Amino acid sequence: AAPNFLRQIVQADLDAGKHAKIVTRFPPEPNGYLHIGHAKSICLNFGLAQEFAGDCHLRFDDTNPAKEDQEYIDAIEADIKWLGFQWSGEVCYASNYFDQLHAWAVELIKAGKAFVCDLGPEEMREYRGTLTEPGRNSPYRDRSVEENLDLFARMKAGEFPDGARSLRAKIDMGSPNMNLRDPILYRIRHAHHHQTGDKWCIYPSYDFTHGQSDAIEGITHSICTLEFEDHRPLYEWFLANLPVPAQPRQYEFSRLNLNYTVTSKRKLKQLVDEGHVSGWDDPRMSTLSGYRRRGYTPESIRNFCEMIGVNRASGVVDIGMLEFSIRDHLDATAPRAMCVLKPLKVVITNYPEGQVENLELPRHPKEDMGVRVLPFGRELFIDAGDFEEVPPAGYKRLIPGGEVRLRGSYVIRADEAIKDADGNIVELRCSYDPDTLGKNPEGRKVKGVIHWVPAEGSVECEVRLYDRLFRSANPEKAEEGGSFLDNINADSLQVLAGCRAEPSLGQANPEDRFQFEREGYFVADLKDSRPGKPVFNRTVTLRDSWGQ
């Protein structure tokens, strides 16, 4: 619903009679798992290309030599495919461009627009200056082209140890823009690269790789977050001073800032490494893997991204919007079922023992989704919460001598509560009114309707009740001497054993989603569900409990 300024930019080109296909890219570093914030970038880059029949590349920004790239490459590809998108052509890797990048660096040296600098980090930082205090030229800035070429070649050949010298662009140490103050282009690092192995011991900087990768790929619209807005002059400087094959243009959008959420790599790691969650794909984690395992649908995430739009204004999005999105999608699309979370045995005293009625309940109140068969008979389970000896005001379920409707079934009456030696109710003996199937009793009213399952045929199962991992809107903000862990929601997970699902749920497959009557929306966990024995995660409650 909200405006998307990039959509309007592309449409204006069309309105002006321009027919060039758009080419976007999603360019993550393969060094972390994606989170919900990345879904906005994914929906933006792939979605724009889809909308206008262009291309979106997947590019791994793998310029850094690291050991565990493949783990992250695989996970990132799986998230993108799960969201339903497809990159055009082959997967791209920034490391594929190392030869060309090095060639272009030599061109800058030859044009007197780059130099080899020997300054150590202390001097390098001191010479850099600040936004208010202008920097100083490196003492090596006036090296000859010949000397720069020789030193750079010797860097590439592996002559010097890590950090001994770097190649820098020669721009302006007095620039009000820090990125134009002779930025580093190459550093020495003797390290094995996941793609190119031991071939390189010089590696290019983010800025030297970024726009040049875009040009090589023929990117038309290079989309990044506002964090890199002040990099645009440098992005443009390289394109203006290199014989690049294309002139991609950079656009910046405001990142997704959800409340109640942590997305920072270091805090996520601590949550995982210290056992606050089960792993990176814990249903409470803001990872895309976590969101999937929670039961969110790709539709709900794409719908949410569409709803918040794309703009250049920083601002917080309430996580209730995302919770609404999955609520809305599952309300419309998910089959209904009954699962008794806290079972209480019920005996229908005037129901003939050994007899059964096979009631048929629609899987959806509106869609043509078939029926579930619910055997009704003498032995049932209801939720223990739906009977009270001493009811609170407004209570609408079972009380002693009182009635309740069983969903899609009969009106029953609580006639005797059986208690154990400790005073716990272990059985509720009820009568039913055989004239009430699909009919209200004549001359009296029944206040409430509850879910229920047959005792014989119910599926025993584990149900995990999930809620927000954090209980405050800005969890990273803590009191003096505290941390973000102080804001953890102690009620974020409740594991229930011995729940009683209707028989039809015995045929649930991993990732099947349901509305559990009067309880919420649930998914059969993709890892722990096995045939005949689902394990259910609560995806979201029926209605908002947190407010805003």
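Start at 1 and count along the sequence shown; that's the residue number.
The deposited model assigns a higher average Cα B-factor to 121-129 than to the other stretch when 288-296 and 121-129 are compared. In this entry, 388-396 shows the higher mean Cα temperature factor of the pair 451-459 and 388-396.
As recorded in the PDB entry, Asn64 shows the highest C-alpha B-factor of the residues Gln515, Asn64, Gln70, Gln507. Per the deposited coordinates, the residue with the largest Cα temperature factor out of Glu519, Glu511, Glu502, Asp491 is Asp491.
The PDB entry assigns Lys439 a C-alpha temperature factor belonging to the highest third of its chain's modelled residues. Sort the modelled residues of the chain by CA B factor and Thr225 lands in the middle third. Placement of the Cα temperature factor of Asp528 within the chain: middle third of the modelled residues, per the deposited record.
Sort the chain's modelled residues by C-alpha temperature factor and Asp207 lands in the lowest third, per the entry. Among all modelled residues in this chain, the alpha-carbon of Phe46 has a temperature factor (C-alpha) in the lowest third.
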